[PDB]
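Shown next, in structure tokens, is the structure this report addresses.
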Amino acid sequence: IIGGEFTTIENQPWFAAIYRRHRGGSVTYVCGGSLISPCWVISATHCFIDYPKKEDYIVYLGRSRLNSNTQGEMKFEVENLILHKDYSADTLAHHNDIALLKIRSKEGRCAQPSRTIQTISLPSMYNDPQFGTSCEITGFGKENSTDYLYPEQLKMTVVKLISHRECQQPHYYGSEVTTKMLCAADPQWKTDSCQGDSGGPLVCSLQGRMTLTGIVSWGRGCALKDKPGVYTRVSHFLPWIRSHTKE
Ligand SMILES: Cc1cccc(C)c1OC[C@@H](C)N
């Protein structure tokens, strides 16, 4: 996250921290994720596509710090790693950038809701906030483009939803942004998601309810003028989510 504020998991209790283990025993952070039910985390395909082996992954819930333990945190393995069959990446644009991780504790259980671990609601078919709406993003992503390490503490910020019409302007992304994507940015270009924020939630308060409107997907640089964050439009993927979580 560029700009914004440090935060704690209690304010973002659906946030999942996803790591990958390496031969040698080193674990690195991979991407964000959102808990949409006790057994299911949703994230972004591009996070996993080069390493589609579920055994490599570790998911934490209730975690506020990157490399240390948070009271109440819970650790999960991945029982099923589901990538979107039609995922693809162009120079900038990532398509069908959405994934599902079925989680389970070492004892075989799914998540136990608590003060710091909660599900986030999905949106309803093609019902997204209007452009100009303020929404929040959360992640352990870079604080500056020149950074090579991630912040130790979870961050959040607030960005505004940008219309498809504006986002498809030639100085923005032209036709590379599709209707299955959502653009969001700061009107002054001072705050944004960045590398390492992928897979994490774009949350909008919709009809009184906190809704998972987007998933951090792609963009050109971070907090660049005329270059919004691009998000998977969750509301266009409800039949895919339902079909894969129904089992
Ligand atoms: C999400 C992401 C992943 C890799 C690279 C960049 C610049 C990224 O940020 C683009 C945009 C969200 N600011």
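Ordering of the structure tokens sets the chain letters (A, B, ...); residue numbers start at 1 within each chain; ligands are numbered from 1 in the order shown.
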| At most 8 Å from ligand 1 (only C-alpha atoms and all ligand atoms): residue list as a ChimeraX atom specification | /A:145,192-198,216-224,227-231
| Quick one: residues within 7 Å of residue 74 of chain A, only C-alpha atoms counted, chain neighbours fewer than 5 positions away excluded, as an MDAnalysis selection string? | chainID A and resid 60:62
| All residues 8 Å or closer to residue 162 of chain A, only C-alpha atoms, same chain fewer than 3 positions away omitted, as a VMD selection string | chain A and resid 131 to 132 166 to 167 182 to 185
Can you spit out the residues from that selection as a short mmCIF file (atom, residue, chain, number, x, y, z; two decimals), in the first residue's frame, using N, CA, C and O atoms?
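Listing of part-v4.cif after writing:
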data_model
loop_
_atom_site.label_atom_id
_atom_site.label_comp_id
_atom_site.auth_asym_id
_atom_site.auth_seq_id
_atom_site.Cartn_x
_atom_site.Cartn_y
_atom_site.Cartn_z
N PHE A 131 -19.57 4.81 -9.49
CA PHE A 131 -18.29 5.50 -9.51
C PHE A 131 -18.28 6.75 -8.64
O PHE A 131 -19.31 7.37 -8.41
N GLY A 132 -17.13 7.04 -8.06
CA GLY A 132 -17.01 8.07 -7.04
C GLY A 132 -17.12 7.51 -5.63
O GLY A 132 -16.79 8.21 -4.67
N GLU A 166 -14.03 6.34 -17.98
CA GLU A 166 -12.82 7.06 -17.66
C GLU A 166 -11.59 6.12 -17.74
O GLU A 166 -10.52 6.52 -18.22
N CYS A 167 -11.72 4.91 -17.19
CA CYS A 167 -10.60 4.00 -17.18
C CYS A 167 -10.12 3.55 -18.55
O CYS A 167 -8.94 3.19 -18.72
N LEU A 182 -12.44 -3.62 -12.44
CA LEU A 182 -12.85 -2.40 -11.76
C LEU A 182 -11.60 -1.54 -11.54
O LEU A 182 -10.62 -2.01 -10.95
N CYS A 183 -11.65 -0.27 -11.93
CA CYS A 183 -10.57 0.65 -11.60
C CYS A 183 -10.87 1.47 -10.37
O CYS A 183 -12.02 1.82 -10.12
N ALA A 184 -9.84 1.69 -9.56
CA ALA A 184 -9.94 2.55 -8.39
C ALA A 184 -8.61 3.23 -8.12
O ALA A 184 -7.53 2.69 -8.39
N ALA A 185 -8.69 4.45 -7.62
CA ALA A 185 -7.49 5.24 -7.42
C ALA A 185 -7.80 6.42 -6.51
O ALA A 185 -8.97 6.74 -6.25
#
| said: Write out as a PyMOL selection string the set of residues from segment 36-218 of chain A that DSSP, computed on the backbone, places in strand (DSSP E or B). | reply: chain A and resi 36-37+40-43+57-61+65+74-83+88-89+94-95+99-104+121+134-139+153+155-162+181-185+192+201-206+209-218
Residues from last step as file, C-alpha atoms, as a PDB file, in the first residue's frame:
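Writing done, so here's selection_4.pdb:
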ATOM      1  CA  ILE A  36     -15.512 -15.448   2.276  1.00  0.00           C
ATOM      2  CA  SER A  37     -16.605 -18.413   4.419  1.00  0.00           C
ATOM      3  CA  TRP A  40     -12.754 -20.538   1.803  1.00  0.00           C
ATOM      4  CA  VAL A  41     -10.266 -17.795   1.023  1.00  0.00           C
ATOM      5  CA  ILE A  42     -10.531 -15.925  -2.286  1.00  0.00           C
ATOM      6  CA  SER A  43      -7.417 -14.386  -3.885  1.00  0.00           C
ATOM      7  CA  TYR A  57       1.163 -22.749   0.859  1.00  0.00           C
ATOM      8  CA  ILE A  58       0.430 -21.418   4.324  1.00  0.00           C
ATOM      9  CA  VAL A  59      -2.579 -19.178   5.116  1.00  0.00           C
ATOM     10  CA  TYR A  60      -2.863 -17.079   8.260  1.00  0.00           C
ATOM     11  CA  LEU A  61      -6.006 -15.434   9.557  1.00  0.00           C
ATOM     12  CA  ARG A  65       2.316  -8.484  11.231  1.00  0.00           C
ATOM     13  CA  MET A  74      -4.757 -19.067  13.169  1.00  0.00           C
ATOM     14  CA  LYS A  75      -2.610 -21.067  10.755  1.00  0.00           C
ATOM     15  CA  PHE A  76      -3.997 -23.119   7.827  1.00  0.00           C
ATOM     16  CA  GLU A  77      -2.775 -25.444   5.110  1.00  0.00           C
ATOM     17  CA  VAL A  78      -4.373 -25.383   1.684  1.00  0.00           C
ATOM     18  CA  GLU A  79      -6.674 -28.363   1.054  1.00  0.00           C
ATOM     19  CA  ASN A  80      -7.587 -27.252  -2.446  1.00  0.00           C
ATOM     20  CA  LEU A  81      -5.948 -24.570  -4.621  1.00  0.00           C
ATOM     21  CA  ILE A  82      -8.376 -23.571  -7.365  1.00  0.00           C
ATOM     22  CA  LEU A  83      -7.128 -21.331 -10.191  1.00  0.00           C
ATOM     23  CA  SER A  88      -4.302 -14.988 -18.724  1.00  0.00           C
ATOM     24  CA  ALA A  89      -1.793 -12.143 -18.546  1.00  0.00           C
ATOM     25  CA  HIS A  94      -4.590  -9.794 -16.009  1.00  0.00           C
ATOM     26  CA  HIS A  95      -7.811 -11.591 -16.996  1.00  0.00           C
ATOM     27  CA  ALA A  99      -8.519 -17.955  -7.157  1.00  0.00           C
ATOM     28  CA  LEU A 100     -10.000 -19.966  -4.321  1.00  0.00           C
ATOM     29  CA  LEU A 101      -8.071 -21.586  -1.481  1.00  0.00           C
ATOM     30  CA  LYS A 102      -9.849 -24.141   0.633  1.00  0.00           C
ATOM     31  CA  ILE A 103      -8.229 -23.898   4.060  1.00  0.00           C
ATOM     32  CA  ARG A 104      -7.780 -26.370   6.860  1.00  0.00           C
ATOM     33  CA  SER A 121     -19.821 -10.740   2.291  1.00  0.00           C
ATOM     34  CA  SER A 134     -14.994   5.389  -1.559  1.00  0.00           C
ATOM     35  CA  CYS A 135     -13.726   1.891  -0.780  1.00  0.00           C
ATOM     36  CA  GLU A 136     -10.889   0.434   1.325  1.00  0.00           C
ATOM     37  CA  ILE A 137      -7.878  -1.709   0.384  1.00  0.00           C
ATOM     38  CA  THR A 138      -5.713  -3.735   2.819  1.00  0.00           C
ATOM     39  CA  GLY A 139      -2.321  -5.425   2.336  1.00  0.00           C
ATOM     40  CA  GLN A 153       2.738  -4.065   9.698  1.00  0.00           C
ATOM     41  CA  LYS A 155      -1.701  -1.263   5.972  1.00  0.00           C
ATOM     42  CA  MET A 156      -4.987   0.041   4.625  1.00  0.00           C
ATOM     43  CA  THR A 157      -6.109   2.994   2.562  1.00  0.00           C
ATOM     44  CA  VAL A 158      -9.147   4.444   0.809  1.00  0.00           C
ATOM     45  CA  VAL A 159      -9.537   4.868  -2.947  1.00  0.00           C
ATOM     46  CA  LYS A 160     -12.434   5.989  -5.169  1.00  0.00           C
ATOM     47  CA  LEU A 161     -14.115   3.793  -7.784  1.00  0.00           C
ATOM     48  CA  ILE A 162     -13.393   5.067 -11.330  1.00  0.00           C
ATOM     49  CA  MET A 181     -12.424  -5.357 -14.094  1.00  0.00           C
ATOM     50  CA  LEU A 182     -12.852  -2.396 -11.764  1.00  0.00           C
ATOM     51  CA  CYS A 183     -10.566   0.647 -11.602  1.00  0.00           C
ATOM     52  CA  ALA A 184      -9.938   2.548  -8.389  1.00  0.00           C
ATOM     53  CA  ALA A 185      -7.494   5.237  -7.417  1.00  0.00           C
ATOM     54  CA  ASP A 192      -2.673   3.033  -4.170  1.00  0.00           C
ATOM     55  CA  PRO A 201      -9.681  -7.142  -0.776  1.00  0.00           C
ATOM     56  CA  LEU A 202     -11.179  -3.990  -2.223  1.00  0.00           C
ATOM     57  CA  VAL A 203     -14.032  -3.537   0.279  1.00  0.00           C
ATOM     58  CA  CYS A 204     -17.047  -1.242  -0.312  1.00  0.00           C
ATOM     59  CA  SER A 205     -19.842  -0.399   2.076  1.00  0.00           C
ATOM     60  CA  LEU A 206     -22.858  -1.298  -0.055  1.00  0.00           C
ATOM     61  CA  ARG A 209     -23.035  -3.949   4.330  1.00  0.00           C
ATOM     62  CA  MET A 210     -19.247  -4.473   3.936  1.00  0.00           C
ATOM     63  CA  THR A 211     -18.906  -6.161   0.575  1.00  0.00           C
ATOM     64  CA  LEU A 212     -15.933  -7.699  -1.246  1.00  0.00           C
ATOM     65  CA  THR A 213     -16.271  -5.618  -4.403  1.00  0.00           C
ATOM     66  CA  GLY A 214     -12.818  -6.185  -5.828  1.00  0.00           C
ATOM     67  CA  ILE A 215      -9.601  -8.207  -5.632  1.00  0.00           C
ATOM     68  CA  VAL A 216      -6.239  -6.443  -6.156  1.00  0.00           C
ATOM     69  CA  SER A 217      -5.121  -7.515  -9.658  1.00  0.00           C
ATOM     70  CA  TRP A 218      -2.900  -5.230 -11.730  1.00  0.00           C
TER      71      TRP A 218
END
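Picture a line from atom CA of residue 111 of chain A to atom CA of residue 26 of chain A; it runs 24.9 Å.
Put simply, atom CA of residue 64 of chain A is 26.9 Å away from atom CA of residue 245 of chain A.
Using only C-alpha atoms, the nearest neighbour of residue 66 of chain A within the list A:150, A:87, A:6, A:51 is A:150.
In terms of minimum interatomic distance to residue 70 of chain A, A:17 ranks closest within A:144, A:108, A:31, A:17, counting only C-alpha atoms.
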| said: What does the structure give for the distance between atom CA of residue 97 of chain A and atom CA of residue 52 of chain A, in Å to one decimal? | reply: 14.1 Å
List as a PDB file with N, CA, C and O atoms, in the first residue's frame the protein and nucleic acid residues near residue 239 of chain A, meaning an atom at most 12 Å away when only C-alpha atoms are counted, but skip any in the same chain fewer than 4 places from it.
ATOM      1  N   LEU A 122     -19.924 -11.445   0.002  1.00  0.00           N
ATOM      2  CA  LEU A 122     -19.794 -11.265  -1.426  1.00  0.00           C
ATOM      3  C   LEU A 122     -20.873 -10.303  -1.902  1.00  0.00           C
ATOM      4  O   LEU A 122     -21.906 -10.132  -1.243  1.00  0.00           O
ATOM      5  N   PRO A 123     -20.636  -9.649  -3.049  1.00  0.00           N
ATOM      6  CA  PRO A 123     -21.663  -8.811  -3.675  1.00  0.00           C
ATOM      7  C   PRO A 123     -22.710  -9.668  -4.388  1.00  0.00           C
ATOM      8  O   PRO A 123     -22.528 -10.877  -4.559  1.00  0.00           O
ATOM      9  N   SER A 124     -23.805  -9.039  -4.805  1.00  0.00           N
ATOM     10  CA  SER A 124     -24.856  -9.739  -5.546  1.00  0.00           C
ATOM     11  C   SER A 124     -24.660  -9.475  -7.034  1.00  0.00           C
ATOM     12  O   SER A 124     -23.942  -8.539  -7.396  1.00  0.00           O
ATOM     13  N   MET A 125     -25.232 -10.326  -7.890  1.00  0.00           N
ATOM     14  CA  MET A 125     -24.989 -10.239  -9.342  1.00  0.00           C
ATOM     15  C   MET A 125     -25.013  -8.819  -9.905  1.00  0.00           C
ATOM     16  O   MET A 125     -25.993  -8.099  -9.745  1.00  0.00           O
ATOM     17  N   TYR A 126     -23.933  -8.434 -10.581  1.00  0.00           N
ATOM     18  CA  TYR A 126     -23.846  -7.131 -11.250  1.00  0.00           C
ATOM     19  C   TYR A 126     -24.375  -5.958 -10.410  1.00  0.00           C
ATOM     20  O   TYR A 126     -25.033  -5.052 -10.927  1.00  0.00           O
ATOM     21  N   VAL A 234     -15.529  -8.823  -8.626  1.00  0.00           N
ATOM     22  CA  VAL A 234     -16.027 -10.034  -7.959  1.00  0.00           C
ATOM     23  C   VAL A 234     -17.462 -10.403  -8.371  1.00  0.00           C
ATOM     24  O   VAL A 234     -17.784 -11.584  -8.518  1.00  0.00           O
ATOM     25  N   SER A 235     -18.323  -9.388  -8.464  1.00  0.00           N
ATOM     26  CA  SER A 235     -19.716  -9.556  -8.897  1.00  0.00           C
ATOM     27  C   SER A 235     -19.927 -10.189 -10.290  1.00  0.00           C
ATOM     28  O   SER A 235     -21.040 -10.595 -10.612  1.00  0.00           O
ATOM     29  N   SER A 243     -19.805 -22.334  -8.129  1.00  0.00           N
ATOM     30  CA  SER A 243     -19.550 -23.666  -8.684  1.00  0.00           C
ATOM     31  C   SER A 243     -18.338 -24.345  -8.050  1.00  0.00           C
ATOM     32  O   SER A 243     -18.350 -25.545  -7.795  1.00  0.00           O
ATOM     33  N   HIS A 244     -17.322 -23.561  -7.710  1.00  0.00           N
ATOM     34  CA  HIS A 244     -16.114 -24.133  -7.125  1.00  0.00           C
ATOM     35  C   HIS A 244     -16.169 -24.320  -5.616  1.00  0.00           C
ATOM     36  O   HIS A 244     -15.471 -25.172  -5.073  1.00  0.00           O
ATOM     37  N   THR A 245     -17.054 -23.586  -4.949  1.00  0.00           N
ATOM     38  CA  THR A 245     -17.196 -23.707  -3.502  1.00  0.00           C
ATOM     39  C   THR A 245     -18.308 -24.662  -3.097  1.00  0.00           C
ATOM     40  O   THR A 245     -18.541 -24.889  -1.901  1.00  0.00           O
ATOM     41  N   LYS A 246     -19.033 -25.171  -4.087  1.00  0.00           N
ATOM     42  CA  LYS A 246     -20.176 -26.026  -3.812  1.00  0.00           C
ATOM     43  C   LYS A 246     -19.685 -27.453  -3.620  1.00  0.00           C
ATOM     44  O   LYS A 246     -20.164 -28.166  -2.735  1.00  0.00           O
TER      45      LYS A 246
END
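For segment 5-135 of chain A, the set of residues given helix (DSSP H, G or I) by DSSP on the backbone reads residues 9, 10, 11, 45, 46, 47, 54, 55 and 56 of chain A.
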| query | Neighbours of residue 115 of chain A within 8 Å (only C-alpha atoms; same-chain residues fewer than 2 positions away dropped), as a PyMOL selection string? | reply | chain A and resi 10+13+113+117-118
| field | Of the listed residues A:84, A:29, A:177, A:7, that which approaches residue 163 of chain A most closely, counting only C-alpha atoms | value | A:177
| request: Choose the residue, out of A:16, A:238, A:9, A:154, that has the smallest atom-to-atom separation from residue 38 of chain A; count only C-alpha atoms. | output: A:16
Within 8 Å of residue 22 of chain A, counting only C-alpha atoms, which residues show up once you throw out same-chain ones fewer than 5 positions away? Write them as a compact mmCIF listing (two decimals) with N, CA, C and O atoms, in the first residue's frame, please.
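This is the output file out30.txt:
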# COMPACT_ATOMS: atom_id res chain seq x y z
N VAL A 27 10.18 -19.42 4.43
CA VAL A 27 8.83 -19.05 4.02
C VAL A 27 8.82 -17.59 3.59
O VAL A 27 9.43 -16.74 4.25
N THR A 28 8.21 -17.31 2.45
CA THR A 28 8.07 -15.94 1.98
C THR A 28 6.59 -15.55 1.81
O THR A 28 5.77 -16.39 1.42
N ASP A 56 2.56 -26.17 -1.00
CA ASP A 56 3.60 -25.16 -0.78
C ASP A 56 3.07 -24.02 0.09
O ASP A 56 3.85 -23.21 0.59
| field | Best match for closeness to residue 149 of chain A among A:96, A:3, A:67, A:24, counting only C-alpha atoms | value | A:67
